[PDB]
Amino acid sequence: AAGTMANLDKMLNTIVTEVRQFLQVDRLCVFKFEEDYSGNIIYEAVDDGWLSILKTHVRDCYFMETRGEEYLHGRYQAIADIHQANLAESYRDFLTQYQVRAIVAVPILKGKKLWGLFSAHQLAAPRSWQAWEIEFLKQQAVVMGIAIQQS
(Lines of atoms letter the chains of each structure in order from A and count residues from 1; the text may use other names and numbers.)
(Lines give C-alpha, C1' and ligand atoms only; values in the text may rest on other atoms or scores of the structure.)
Protein backbone atom coordinates (compact mmCIF):
# COMPACT_ATOMS: atom_id res chain seq x y z
CA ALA A 1 0.00 0.00 0.00
CA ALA A 2 1.59 3.33 1.17
CA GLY A 3 4.19 1.14 3.03
CA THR A 4 5.42 -0.52 -0.26
CA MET A 5 5.77 2.97 -1.82
CA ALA A 6 7.69 4.39 1.22
CA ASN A 7 10.11 1.39 0.95
CA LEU A 8 10.72 1.79 -2.82
CA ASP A 9 11.07 5.61 -2.37
CA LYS A 10 13.74 5.19 0.29
CA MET A 11 15.68 2.56 -1.79
CA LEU A 12 15.63 4.69 -5.02
CA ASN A 13 16.56 7.90 -3.15
CA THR A 14 19.45 6.07 -1.38
CA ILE A 15 20.75 4.88 -4.82
CA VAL A 16 20.66 8.48 -6.09
CA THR A 17 22.56 9.81 -2.96
CA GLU A 18 24.96 6.72 -3.30
CA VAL A 19 25.86 7.15 -6.98
CA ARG A 20 26.16 11.00 -6.75
CA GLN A 21 28.83 10.80 -4.00
CA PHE A 22 30.65 7.77 -5.51
CA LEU A 23 30.80 9.39 -8.99
CA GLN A 24 31.38 12.94 -7.52
CA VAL A 25 28.84 14.47 -9.93
CA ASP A 26 27.29 17.83 -9.04
CA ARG A 27 23.69 16.62 -9.48
CA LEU A 28 22.09 13.21 -10.04
CA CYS A 29 18.43 12.78 -10.61
CA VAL A 30 15.66 10.44 -11.61
CA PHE A 31 13.12 11.70 -14.21
CA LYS A 32 9.88 9.66 -14.22
CA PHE A 33 7.61 9.71 -17.35
CA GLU A 34 3.87 10.28 -17.20
CA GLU A 35 1.51 8.38 -19.56
CA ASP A 36 2.07 11.08 -22.23
CA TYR A 37 5.90 11.00 -21.74
CA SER A 38 5.96 14.41 -20.15
CA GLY A 39 7.67 13.78 -16.80
CA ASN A 40 8.86 15.02 -13.40
CA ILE A 41 12.18 14.96 -11.52
CA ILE A 42 11.11 12.81 -8.54
CA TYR A 43 14.53 11.99 -6.89
CA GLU A 44 17.57 14.25 -6.78
CA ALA A 45 20.92 14.53 -4.99
CA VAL A 46 22.56 17.91 -5.59
CA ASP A 47 25.81 18.87 -3.85
CA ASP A 48 26.89 22.07 -2.06
CA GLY A 49 23.69 24.27 -2.18
CA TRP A 50 23.61 24.20 -6.03
CA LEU A 51 20.45 24.51 -8.22
CA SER A 52 17.81 21.89 -7.25
CA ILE A 53 15.43 20.73 -10.08
CA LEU A 54 13.50 18.36 -7.77
CA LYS A 55 9.75 18.23 -8.71
CA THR A 56 10.40 20.16 -12.01
CA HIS A 57 7.85 19.18 -14.71
CA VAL A 58 9.32 18.80 -18.25
CA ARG A 59 7.39 18.41 -21.53
CA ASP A 60 10.30 17.21 -23.66
CA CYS A 61 8.83 17.02 -27.22
CA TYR A 62 11.61 14.36 -28.22
CA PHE A 63 10.31 11.91 -25.54
CA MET A 64 6.62 12.90 -26.03
CA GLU A 65 6.79 12.24 -29.82
CA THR A 66 8.99 9.07 -29.69
CA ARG A 67 7.49 7.73 -26.37
CA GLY A 68 11.15 6.84 -25.72
CA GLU A 69 11.10 4.06 -28.41
CA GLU A 70 14.86 4.59 -29.22
CA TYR A 71 15.76 4.20 -25.45
CA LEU A 72 14.55 0.53 -25.14
CA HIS A 73 17.79 -1.43 -26.22
CA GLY A 74 20.83 0.02 -24.27
CA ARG A 75 20.82 3.49 -25.96
CA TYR A 76 21.85 6.63 -23.94
CA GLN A 77 23.41 10.13 -23.92
CA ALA A 78 26.89 11.11 -22.69
CA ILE A 79 28.11 14.62 -23.60
CA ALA A 80 31.37 16.00 -22.18
CA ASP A 81 30.45 19.61 -23.07
CA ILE A 82 26.97 20.66 -24.23
CA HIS A 83 28.51 23.86 -25.77
CA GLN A 84 30.50 21.65 -28.24
CA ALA A 85 27.75 19.05 -28.94
CA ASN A 86 25.60 19.65 -32.10
CA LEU A 87 22.43 19.63 -29.98
CA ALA A 88 19.02 20.78 -31.11
CA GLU A 89 18.60 24.46 -29.98
CA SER A 90 15.44 23.60 -28.00
CA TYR A 91 17.31 20.82 -26.05
CA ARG A 92 20.41 23.07 -25.50
CA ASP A 93 17.99 25.72 -24.08
CA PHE A 94 16.39 23.21 -21.65
CA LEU A 95 19.83 22.05 -20.42
CA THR A 96 21.04 25.70 -20.09
CA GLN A 97 17.88 26.69 -18.07
CA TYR A 98 18.97 23.96 -15.51
CA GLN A 99 22.72 24.95 -15.52
CA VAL A 100 23.89 21.72 -17.24
CA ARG A 101 27.41 21.79 -18.84
CA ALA A 102 28.05 17.99 -19.05
CA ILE A 103 25.47 15.18 -18.90
CA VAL A 104 24.99 11.41 -18.93
CA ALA A 105 21.40 10.16 -19.24
CA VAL A 106 20.51 6.47 -19.26
CA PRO A 107 17.07 4.88 -19.44
CA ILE A 108 15.27 3.19 -16.53
CA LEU A 109 12.96 0.36 -17.73
CA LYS A 110 9.96 -1.15 -16.01
CA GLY A 111 9.66 -4.47 -17.87
CA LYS A 112 9.63 -3.58 -21.61
CA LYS A 113 8.43 0.05 -20.97
CA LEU A 114 10.61 3.20 -20.64
CA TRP A 115 9.80 4.30 -17.02
CA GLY A 116 12.33 7.16 -16.57
CA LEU A 117 15.84 8.60 -16.98
CA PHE A 118 18.79 8.41 -14.57
CA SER A 119 20.80 11.57 -15.39
CA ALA A 120 24.11 12.93 -14.05
CA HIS A 121 24.76 16.68 -14.51
CA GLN A 122 27.92 18.78 -14.14
CA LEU A 123 26.99 22.46 -13.60
CA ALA A 124 30.22 24.39 -14.54
CA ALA A 125 32.95 22.64 -16.56
CA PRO A 126 33.25 19.86 -19.17
CA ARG A 127 33.65 16.26 -17.98
CA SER A 128 35.14 13.45 -20.12
CA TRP A 129 32.82 10.64 -18.94
CA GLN A 130 34.63 7.24 -18.69
CA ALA A 131 33.21 3.99 -20.15
CA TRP A 132 33.07 2.52 -16.58
CA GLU A 133 30.97 5.49 -15.30
CA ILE A 134 28.39 5.02 -18.11
CA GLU A 135 28.32 1.24 -17.34
CA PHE A 136 27.96 1.99 -13.60
CA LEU A 137 25.02 4.32 -14.33
CA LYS A 138 23.36 1.74 -16.69
CA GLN A 139 23.82 -1.09 -14.16
CA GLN A 140 22.34 1.08 -11.31
CA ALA A 141 19.38 1.76 -13.69
CA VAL A 142 18.93 -2.07 -13.94
CA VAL A 143 18.90 -2.26 -10.08
CA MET A 144 16.27 0.52 -9.98
CA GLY A 145 14.15 -1.13 -12.72
CA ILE A 146 14.03 -4.46 -10.82
CA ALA A 147 12.84 -2.64 -7.63
CA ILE A 148 10.29 -0.54 -9.62
CA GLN A 149 8.85 -3.73 -11.23
CA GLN A 150 7.46 -4.71 -7.70
CA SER A 151 4.75 -1.93 -7.64
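Sequential numbering from 1, following the sequence displayed.
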| query | finding |
| --- | --- |
| Comparing 82-90 with 49-57, the one whose average Cα B-factor in the PDB entry is higher | 82-90 |
| 37-45 or 65-73, whichever carries the higher mean Cα B-factor | 65-73 |
| Candidate residues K32, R101, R27, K113, the one whose C-alpha B factor the record puts highest | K113 |
| Chain-relative CA temperature factor third for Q97 | highest |
| Third assignment of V143 from its chain's C-alpha B-factors | middle |
| CA B-factor placement of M11, once the chain's modelled residues are sorted into thirds | lowest |
